[PDB]
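The structure under discussion appears below in the form of structure tokens.
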Amino acid sequence: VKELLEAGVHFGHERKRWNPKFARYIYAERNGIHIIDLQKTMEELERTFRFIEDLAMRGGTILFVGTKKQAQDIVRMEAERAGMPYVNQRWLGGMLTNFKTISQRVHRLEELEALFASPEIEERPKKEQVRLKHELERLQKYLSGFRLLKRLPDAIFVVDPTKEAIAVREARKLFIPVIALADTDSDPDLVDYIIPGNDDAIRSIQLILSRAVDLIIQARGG
RNA sequence: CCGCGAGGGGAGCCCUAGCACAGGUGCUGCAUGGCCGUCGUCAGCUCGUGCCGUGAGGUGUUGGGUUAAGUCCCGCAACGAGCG
């Protein structure tokens, strides 16, 4: 799919906290706010979506990550709706530089899941019980999505890049493509495929991902 | 053990003379083992990988909350692990 001129959504976001480099991406100031040139955003999209389509049909993986409070619930949704891995709760230092060391935690989840189904439950101390029950809890928070990662992702779809600059930093050093729903406050110089756009607005993130995930699907053929 | 005997060599055991050596609570705990006192039953000491730093190093083990406790919670470039 391709989507309209639904301007009733990401006209602009940040005050004057911007990033000079972002200049190319803005229309003007109105009431002390930078307003993003959409005619342009469209030119970006037409590229960014071109990319993902390539990925989808090529059968790759894209990790969705956005730790912002607003996008929180929407990240979960969209990745879920897609055949994708996501990072909802919090981003852990190294889900890429230190993947192998992290993947070991996954296994922990894998291995605890088991015991909370086997006979060897209550049969053994109760102090440990809770001491384990807790471990699951926490794991099934952070790694809830991270679980689907068999190996390193072919791309990272980031929501607020300047907030996740870590996750970007990582990707940037492993040569993994970076997509982002960036705005005024970001430094485009590091997003492989940007999408100039308001983001704190649930209506923004909600649209950008929808059409993005929709695209992903129609690309695979379902 | 030997040819019947007489007696002859031999094992163990004994003394004598010489020898190898036995013995020494004789020095050195700054030459040592072991075992113990002690800070201290105090809550701490550290490692792998990741990341920071030219480096020595750092982060993690920190902060805010909590505990008898590095006991647990929230948070955080870290995620774990070991001795405790």
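Following the order of the structure tokens, chains are lettered A, B, ..., residues in each are numbered from 1, and ligands are numbered from 1.
Look at residue A:145: the protein and nucleic acid residues within 9 Å of it, using only C-alpha atoms (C1' of nucleotides) and passing over chain neighbours fewer than 5 places away, are residues 76, 79, 80, 84, 85, 86, 87, 88 and 140 of chain A.
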Using only C-alpha atoms (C1' of nucleotides), tabulate the residues of chain A lying at most 8 Å from any atom of chain B, each with its closest atom pair and that distance in Å to one decimal, by chain and increasing residue number, as JSON lines.
```
{"residue": "A:92", "atom": "CA", "partner": "B:78", "partner_atom": "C1'", "distance": 6.7}
{"residue": "A:93", "atom": "CA", "partner": "B:78", "partner_atom": "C1'", "distance": 4.6}
{"residue": "A:94", "atom": "CA", "partner": "B:50", "partner_atom": "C1'", "distance": 6.0}
{"residue": "A:97", "atom": "CA", "partner": "B:50", "partner_atom": "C1'", "distance": 6.1}
{"residue": "A:98", "atom": "CA", "partner": "B:50", "partner_atom": "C1'", "distance": 4.9}
{"residue": "A:101", "atom": "CA", "partner": "B:49", "partner_atom": "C1'", "distance": 6.3}
{"residue": "A:102", "atom": "CA", "partner": "B:79", "partner_atom": "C1'", "distance": 6.1}
```
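Among the candidates A:11, A:157, A:25, A:91, the residue lying nearest to residue A:43 is A:25 (atoms considered: only C-alpha atoms).
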(request) Would you please work out which residue, of A:106, A:166, A:5, A:179, is nearest to residue A:144 when using only C-alpha atoms? (result)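 Smallest distance to residue A:144 is found for A:106.
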(request) Compare A:47, A:17, A:134, A:81 by their minimum atom-to-atom distance to residue A:209, counting only C-alpha atoms, and give me the closest one. (result)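 Between A:47, A:17, A:134, A:81, the residue approaching residue A:209 most closely is A:81.
Here atom CA of residue A:139 and atom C1' of residue B:60 stand 18.8 Å from one another.
Look at residue B:84: the protein and nucleic acid residues within 9 Å of it, using only C-alpha atoms (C1' of nucleotides) and passing over chain neighbours fewer than 6 places away, are residues 43, 44 and 45 of chain B.
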Resulting file, chosen residues, C-alpha atoms (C1' of nucleotides), as a PDB file, in the first residue's frame:
```pdb
ATOM      1  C1'   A B  43      29.870  -6.573  52.976  1.00  0.00           C
ATOM      2  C1'   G B  44      32.390  -6.477  50.516  1.00  0.00           C
ATOM      3  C1'   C B  45      36.427  -8.650  46.565  1.00  0.00           C
TER       4        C B  45
END
```
(message) What's around residue A:181 at 7 Å? Count only C-alpha atoms (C1' of nucleotides), leave out sequence neighbours fewer than 2 positions away in its own chain, and write the answer as a ChimeraX atom specification.
(response) /A:158-160,183,194-197,199
(message) Quick check for you: according to DSSP on this backbone, which residues of stretch 125-193 of chain A are classed as helix (DSSP H, G or I)? Reply as an MDAnalysis selection string.
(response) chainID A and resid 126:146 161:174 188:190
(message) Applying 10 Å and only C-alpha atoms (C1' of nucleotides), which residues near residue A:32 remain after dropping the ones on its own chain fewer than 4 positions away? List them as a PyMOL selection string.
(response) chain A and resi 14-16+28
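If you look at atom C1' of residue B:81 and atom CA of residue A:127, they are 21.3 Å away from each other.
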(request) Just the strand (DSSP E or B) stuff from stretch 16-136 of chain A, please, per backbone DSSP, written as a list in words. (result) residues 26, 27, 28, 29, 34, 35, 36, 62, 63, 64, 65, 86 and 87 of chain A
